[PDB]
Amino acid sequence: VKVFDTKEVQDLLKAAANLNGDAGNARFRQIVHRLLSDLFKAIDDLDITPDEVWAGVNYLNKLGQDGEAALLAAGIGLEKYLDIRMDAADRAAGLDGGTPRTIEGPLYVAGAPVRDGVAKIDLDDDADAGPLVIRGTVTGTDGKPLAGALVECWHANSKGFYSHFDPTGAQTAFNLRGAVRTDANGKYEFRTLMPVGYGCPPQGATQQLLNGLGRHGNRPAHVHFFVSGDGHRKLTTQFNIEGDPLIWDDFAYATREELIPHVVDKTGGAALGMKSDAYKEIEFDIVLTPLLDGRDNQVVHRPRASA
């Protein structure tokens, strides 16, 4: 049977979204009506059974109980899709030359202390992670260095865990999370340890759905960035650690070819405060896009953790 087009179903959808209601939140009602209508049509078209529907409802309970809705948003490509739509708007406006955006992911933590020029961000010992310097210059698309720009980063430890989200025990607040104001020449530097890739909580809702699809829930090793500066839009980006076997098989679809810098082996680490003389260096220069008529049309407000 197919019932979606009947007046009873169409009236039910109008009532459920309160389309004929008194003045209210029209945009919200419009969105709810569209999503509900699409869901009802999919159920009808695919003959989705009550048992199947209630299994989906149960999944939503687990997803929220696990606090994983934003992790799922990354894992089924919704987060990348938002970037696709933002990139398409920038392309239509004729923008080029900026460092490409990529997904934020769900693990930013607000409030890290801001240092001038350089920050050492590994607060907790991690014997399995070697020392890493990340440094670069921030410019605008005209090539000029941006002084006093805010460069923020966050990344995982050798076990794939982030501070404020570590299920094995609390890390020091802001471990492997940093904020630096660029110097007069646009330079920033973080002294940290090398990340290893993230994986979804194995018993959580995201991995349960991925298992049902036959997909893994792993990311290659990477470092997240927010970069902002006077006169410029806020950039959300990342880089991947060169050579990681998952670099082009990220469960969150976030890799971009311009965001895979070279890793260089260096010496002299002790004089930089590193835990060994031998360390790795990544030079990651960043180009910000100017504001348009003084506005940033792509900055995203979403729930974010704090200290």
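The first residue of the sequence shown is number 1, and the count goes up from there. The term rigid core refers to the most C-alpha atoms you can superpose between the two forms while keeping them within 1.5 Å.
In summary, of the stretches 167-175 and 132-140, 167-175 shows the greater Cα distance from the shown form in 4 other deposited structures of this protein, with structures fitted on the rigid core. Superposing each structure in 4 other deposited structures of this protein on the rigid core shows that the farther-lying of 197-205 and 100-108, by root-mean-square Cα distance, is 197-205. Look at the mean CA B-factor for 24-32 and for 273-281 in the entry; the higher one is 24-32. Between the stretches 217-225 and 143-151, it is 143-151 that shows the larger average CA temperature factor. By the numbers in the PDB entry, the CA B factor is greatest at 47 among 265, 66, 258, 47. Out of 132, 138, 74, 114, the entry records its largest CA B-factor for 114. Residue 299: CA B factor lies in the middle third for its chain, per the PDB record. Among the modelled residues of its chain, residue 158 has a C-alpha B-factor that falls in the middle third according to the deposited record. The deposited CA B-factor of residue 95 belongs to the highest third of values across its chain. Placement of the Cα temperature factor of residue 42 within the chain: middle third of the modelled residues, per the deposited record. For residue 247, the recorded CA temperature factor ranks within the highest third of the chain's modelled residues.
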